[PDB]
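Just below is one structure, and these are the notes that go with it.
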Amino acid sequence: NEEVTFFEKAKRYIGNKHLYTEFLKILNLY
Amino acid sequence: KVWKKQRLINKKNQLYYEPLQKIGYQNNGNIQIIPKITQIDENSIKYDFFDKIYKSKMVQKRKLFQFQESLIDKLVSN
Amino acid sequence: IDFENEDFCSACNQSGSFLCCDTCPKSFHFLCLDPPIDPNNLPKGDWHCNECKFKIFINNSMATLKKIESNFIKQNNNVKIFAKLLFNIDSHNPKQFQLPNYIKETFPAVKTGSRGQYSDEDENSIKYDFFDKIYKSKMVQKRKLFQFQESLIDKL
Amino acid sequence: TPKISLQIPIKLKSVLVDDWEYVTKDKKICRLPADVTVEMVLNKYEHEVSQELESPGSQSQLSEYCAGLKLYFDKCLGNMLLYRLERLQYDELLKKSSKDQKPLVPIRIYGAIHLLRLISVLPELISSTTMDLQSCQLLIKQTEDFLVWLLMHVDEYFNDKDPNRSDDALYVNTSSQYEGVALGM
Amino acid sequence: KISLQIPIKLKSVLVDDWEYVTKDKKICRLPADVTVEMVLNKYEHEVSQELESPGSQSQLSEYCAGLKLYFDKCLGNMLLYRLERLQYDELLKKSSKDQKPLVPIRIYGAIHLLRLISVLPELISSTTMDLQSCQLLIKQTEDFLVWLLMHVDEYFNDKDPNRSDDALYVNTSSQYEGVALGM
Ligand SMILES: [Zn+2]
Ligand SMILES: [Zn+2]
């Protein structure tokens, strides 16, 4: 319900695509 | 322990794999994110993150629950 | 050059009234197809089994093979675990149900032969979080009930 | 790719040998339709397990595997699941459904014994495919726990209680039709 | 020309070693815990039980003995970087002092054997061997390489000399770097 909103908020706030990719790589490593 | 990151073996010998199962594959810290290197997508990362934190949450909570209830039966034992 | 026709219906490896392909040597029954075709509803022109259809569809190129199997496993992205098994039946040939030998090694009370006969001797994520949190709420209430069960036994 | 093995309970293997010996010697065939088709069986299964697994990945996997077994069972019926004898039942009902203005989907007629057939077909079907180690291992483990739950409830649908009643024991003896056209009349 | 196939994991091991002895200024920890003699003895003693025919065993033993002799005779000549020749000189000194000659197979580990292997094709193509004998040597070396790749997790760990201890590499002081490189 709200976690979809969390991931969309992160995708919006990062603003870029390479930065969002690096963010997803950090999340995968964890 | 040490690295989860390989070296870049180019020369067009770097072969990719797209696993047929999405929500459990581990394979390395050596992924590549698509819309040996594992090809993974944002949806599987989402699911894996949420799954890991949810199950770790509930496991640590049941551990504290069992510890505290054992504490109560040990203290009322006196 | 015309090849020879195999007199056995490899679906059960038994002879009878059957028909064969124009490029493949082995023959099969009328009703042994999918869909099972009538003895009189013969197809118009040249008919092949899964094998020669596979051959003239692939253009004997592994590139086309992996291409259509890739966009196929991308088609079935909702059942992705079963996609590799799914792609095989649209080109595999039917044959009667025979469980492998690994199963019946437990009982000597059964006898078989070459006859094949037996004789007696997205909103998806929202729904998943829905289920996750409802079950965790269930179990946390039932775990405070666990400790309260311990306390009520302590009321002894 | 690998050489995989699926730990199946021996009692259900005995039930399968009994199925084939009921359909081979006296050649009694199952009834169409069944009690409640494999759609209803898998729906019961997913209704039981979905309310007891917490994480979202596990339940996504469960839904995906149930749907996948559903469709794979409906496709592979006429190719490798049913025997040479009830092929006539299959083709006659297929011509019926072709006259019925829409194609037949076998998920609406058959029952659990065909699901057991597919479960026993699964191991070598997987071993003959190029699926990797972890993926095929997850799949065989899923099907393992599934037929374990099957073992949990062999009473409801597999054990034929009141066998003397023809409508309750889904095994029906054929008339002269398939006794003839089975072995070549 | 001769061609040898090395697994890419061992190629990355060699590139890592080239990175350490060069702009990280690290040397190896000597005497190693697993030396060349120990690796080759374990390999031969494990493989000699594999194939039955006596000819395979004769060829295996001859290859291992020749590899030992050749590493002994080649290490100081061609197998050392420029930073690691002061270490070689100090070992030579502390050996000659104790009236004992230096025997490199009982000191140096598996990374120097890997260096020798990698450089073998040029040394082979510089001699006047047969062609059958070159291909026999290359076959034996490729078999040794696959055996060693099966054990790579046992001889080539990463342990950060700077962090805990007993890694396969050690840091050098500024006196060692001053006398070794800039002298
Ligand atoms: Zn046939
Ligand atoms: Zn054909």
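If you're wondering about the labels, chains in the structure tokens are A, B, ... by order shown, residues count from 1 in each chain, ligands from 1 in order shown.
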Can you check which parts of chain C lie within 9 Å of ligand 2? Per residue, the shortest pair of atoms and distance in Å to one decimal, counting only C-alpha atoms and all ligand atoms, sorted by chain and number, as a tab-separated table.
residue	atom	partner	partner_atom_place_in_ligand_line	distance
C:20	CA	ligand 2	1 (Zn)	6.7
C:21	CA	ligand 2	1 (Zn)	4.1
C:22	CA	ligand 2	1 (Zn)	6.6
C:23	CA	ligand 2	1 (Zn)	6.2
C:24	CA	ligand 2	1 (Zn)	4.6
C:25	CA	ligand 2	1 (Zn)	7.5
C:26	CA	ligand 2	1 (Zn)	7.5
C:27	CA	ligand 2	1 (Zn)	7.8
C:47	CA	ligand 2	1 (Zn)	6.8
C:48	CA	ligand 2	1 (Zn)	3.3
C:49	CA	ligand 2	1 (Zn)	3.0
C:50	CA	ligand 2	1 (Zn)	6.0
C:51	CA	ligand 2	1 (Zn)	5.6
C:52	CA	ligand 2	1 (Zn)	5.1
C:53	CA	ligand 2	1 (Zn)	7.1
### Message
ligand 1: which residues are within 10 Å, counting only C-alpha atoms and all ligand atoms? Reply as a list in words.
### Response
residues 8, 9, 10, 11, 12, 13, 14, 15, 16, 17, 18, 27, 28, 29, 30, 31, 32, 33, 94, 95 and 96 of chain C; 84 and 87 of chain D
Could you turn the residues from that selection into a file that holds N, CA, C and O atoms, as an mmCIF file, in the first residue's frame?
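Full text of again_2.cif as output:
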data_model
loop_
_atom_site.group_PDB
_atom_site.id
_atom_site.type_symbol
_atom_site.label_atom_id
_atom_site.label_comp_id
_atom_site.auth_asym_id
_atom_site.auth_seq_id
_atom_site.Cartn_x
_atom_site.Cartn_y
_atom_site.Cartn_z
ATOM 1 N N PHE C 8 5.567 -48.917 -36.813
ATOM 2 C CA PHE C 8 5.149 -48.866 -35.418
ATOM 3 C C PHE C 8 4.804 -47.439 -35.023
ATOM 4 O O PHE C 8 5.559 -46.505 -35.315
ATOM 5 N N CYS C 9 3.660 -47.279 -34.364
ATOM 6 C CA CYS C 9 3.193 -45.979 -33.887
ATOM 7 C C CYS C 9 3.962 -45.623 -32.624
ATOM 8 O O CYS C 9 3.574 -46.015 -31.520
ATOM 9 N N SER C 10 5.039 -44.850 -32.774
ATOM 10 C CA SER C 10 5.949 -44.578 -31.666
ATOM 11 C C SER C 10 5.265 -43.970 -30.449
ATOM 12 O O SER C 10 5.897 -43.889 -29.391
ATOM 13 N N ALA C 11 4.004 -43.543 -30.558
ATOM 14 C CA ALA C 11 3.279 -43.124 -29.365
ATOM 15 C C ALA C 11 3.109 -44.290 -28.397
ATOM 16 O O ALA C 11 3.187 -44.111 -27.175
ATOM 17 N N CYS C 12 2.880 -45.493 -28.928
ATOM 18 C CA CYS C 12 2.856 -46.714 -28.134
ATOM 19 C C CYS C 12 3.687 -47.821 -28.772
ATOM 20 O O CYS C 12 3.688 -48.948 -28.262
ATOM 21 N N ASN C 13 4.389 -47.524 -29.868
ATOM 22 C CA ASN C 13 5.212 -48.499 -30.587
ATOM 23 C C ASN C 13 4.419 -49.759 -30.919
ATOM 24 O O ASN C 13 4.852 -50.878 -30.640
ATOM 25 N N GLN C 14 3.241 -49.575 -31.513
ATOM 26 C CA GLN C 14 2.395 -50.682 -31.930
ATOM 27 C C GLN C 14 1.827 -50.378 -33.309
ATOM 28 O O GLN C 14 1.611 -49.221 -33.674
ATOM 29 N N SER C 15 1.588 -51.437 -34.074
ATOM 30 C CA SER C 15 1.146 -51.296 -35.452
ATOM 31 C C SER C 15 -0.376 -51.247 -35.533
ATOM 32 O O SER C 15 -1.088 -51.525 -34.565
ATOM 33 N N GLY C 16 -0.868 -50.882 -36.716
ATOM 34 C CA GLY C 16 -2.291 -50.774 -36.970
ATOM 35 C C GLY C 16 -2.587 -49.949 -38.207
ATOM 36 O O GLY C 16 -1.834 -49.999 -39.184
ATOM 37 N N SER C 17 -3.678 -49.187 -38.183
ATOM 38 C CA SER C 17 -4.009 -48.267 -39.267
ATOM 39 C C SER C 17 -3.468 -46.891 -38.902
ATOM 40 O O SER C 17 -3.980 -46.238 -37.988
ATOM 41 N N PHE C 18 -2.433 -46.450 -39.614
ATOM 42 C CA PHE C 18 -1.730 -45.222 -39.277
ATOM 43 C C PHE C 18 -1.240 -44.543 -40.546
ATOM 44 O O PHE C 18 -1.270 -45.127 -41.633
ATOM 45 N N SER C 27 5.739 -43.164 -38.285
ATOM 46 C CA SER C 27 4.315 -42.948 -38.503
ATOM 47 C C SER C 27 3.552 -42.934 -37.182
ATOM 48 O O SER C 27 4.046 -43.373 -36.140
ATOM 49 N N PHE C 28 2.321 -42.426 -37.238
ATOM 50 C CA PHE C 28 1.475 -42.342 -36.057
ATOM 51 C C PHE C 28 0.020 -42.551 -36.445
ATOM 52 O O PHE C 28 -0.348 -42.478 -37.622
ATOM 53 N N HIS C 29 -0.806 -42.803 -35.432
ATOM 54 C CA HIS C 29 -2.217 -43.071 -35.640
ATOM 55 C C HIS C 29 -2.969 -41.793 -36.003
ATOM 56 O O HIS C 29 -2.428 -40.683 -35.976
ATOM 57 N N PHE C 30 -4.248 -41.967 -36.335
ATOM 58 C CA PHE C 30 -5.118 -40.827 -36.599
ATOM 59 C C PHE C 30 -5.457 -40.086 -35.311
ATOM 60 O O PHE C 30 -5.243 -38.873 -35.207
ATOM 61 N N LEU C 31 -5.987 -40.803 -34.322
ATOM 62 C CA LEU C 31 -6.427 -40.208 -33.066
ATOM 63 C C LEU C 31 -5.277 -39.875 -32.124
ATOM 64 O O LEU C 31 -5.524 -39.319 -31.048
ATOM 65 N N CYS C 32 -4.037 -40.196 -32.486
ATOM 66 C CA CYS C 32 -2.882 -39.920 -31.641
ATOM 67 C C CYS C 32 -2.322 -38.518 -31.833
ATOM 68 O O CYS C 32 -1.244 -38.220 -31.312
ATOM 69 N N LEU C 33 -3.017 -37.657 -32.571
ATOM 70 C CA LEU C 33 -2.575 -36.284 -32.739
ATOM 71 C C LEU C 33 -3.232 -35.384 -31.692
ATOM 72 O O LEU C 33 -4.090 -35.808 -30.915
ATOM 73 N N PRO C 94 3.818 -36.587 -29.121
ATOM 74 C CA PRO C 94 3.071 -37.344 -28.112
ATOM 75 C C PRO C 94 3.459 -38.815 -28.088
ATOM 76 O O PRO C 94 3.765 -39.429 -29.112
ATOM 77 N N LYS C 95 3.430 -39.375 -26.881
ATOM 78 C CA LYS C 95 3.640 -40.803 -26.672
ATOM 79 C C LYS C 95 2.997 -41.198 -25.348
ATOM 80 O O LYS C 95 3.004 -40.418 -24.394
ATOM 81 N N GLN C 96 2.440 -42.408 -25.318
ATOM 82 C CA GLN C 96 1.571 -42.853 -24.234
ATOM 83 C C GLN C 96 2.251 -42.725 -22.873
ATOM 84 O O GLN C 96 3.479 -42.735 -22.760
ATOM 85 N N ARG D 84 -3.443 -44.903 -23.954
ATOM 86 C CA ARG D 84 -3.906 -45.215 -25.302
ATOM 87 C C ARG D 84 -5.396 -45.535 -25.328
ATOM 88 O O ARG D 84 -6.059 -45.337 -26.352
ATOM 89 N N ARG D 87 -7.938 -42.558 -25.087
ATOM 90 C CA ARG D 87 -7.767 -41.678 -26.237
ATOM 91 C C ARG D 87 -9.080 -41.489 -26.980
ATOM 92 O O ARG D 87 -9.338 -40.422 -27.544
#
### Task
Using only C-alpha atoms, select each residue of chain A with any atom at most 12 Å away from an atom of chain C, and give the selection as a ChimeraX atom specification.
/A:1-5,7-8
### Message
Based on only C-alpha atoms, which of the residues in chain D come within 10 Å of chain B? I want them as a ChimeraX atom specification.
### Response
/D:54-58,60-61,131-132,134-136,138-139
